[PDB]
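K.L.:
3D, please:
(2 chains)
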Amino acid sequence: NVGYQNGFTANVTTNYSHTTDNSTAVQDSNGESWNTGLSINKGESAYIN
Amino acid sequence: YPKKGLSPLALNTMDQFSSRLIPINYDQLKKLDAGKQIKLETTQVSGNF
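P.N.:
Numbering: from 1, shown residues only, chains lettered A, B, ... in the order given. Sure, the structure comes next:
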């Protein structure tokens, strides 16, 4: 927010996972979506590597 | 063992080291259709100090 009303000057999170936990960020998207180059219907699967 | 803020484990996933999954017949399923819940029990653990 804007103000703090007292001498805290810090903010508290809601999640404190350590640095052993990272969220990888996809990039080079270019608008071309995930179900575009590969055909997936309502009940199909796709494998990860 | 998965700490607070992390994902739970899986049990008997389909892999190299696995087992046959656990079957429910019809009558136990109809009892589960009532308000009768499943109790987990631990026999003994084997550890070190």
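
K.L.:
what helix or strand is residue B:28 on?
P.N.:
Here residue B:28, judged by DSSP states H and E, is contained in helix B:26-32.

K.L.:
Can you pull out the residues in contact with that helix?
P.N.:
Helix B:26-32 has contacts (C-beta atoms under 8 Å, 6 or more residues apart in numbering or on different chains) with B:24, B:38. All C-beta spots, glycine's among them, are computed from the backbone N, C-alpha and C.

K.L.:
where's it relative to the chain centroid, distance-wise?
P.N.:
Chain-centre distance of helix B:26-32: 18 Å, with C-alpha atoms, centre = their mean, to the nearest Å.

K.L.:
And for stretch B:33-42?
P.N.:
Centroid separation for stretch B:33-42 versus its chain: 11 Å, with C-alpha atoms, centre = their mean.

K.L.:
Quick one: end-to-end length of that stretch, please.
P.N.:
End-to-end span of stretch B:33-42 (C-alpha to C-alpha, to the nearest Å): 25 Å.

K.L.:
Show me the residue sitting in the middle of the chain in space.
P.N.:
Defaulting to chain A. Residue closest to the average C-alpha location in chain A (C-alpha atoms, centre = their mean): residue A:23, at 6.3 Å.

K.L.:
Correction: the question concerned chain B.
P.N.:
Closest-to-mean residue, chain B, C-alpha atoms, centre = their mean: residue B:11 / 6.2 Å.

K.L.:
Kind regards, and thank you for your time.
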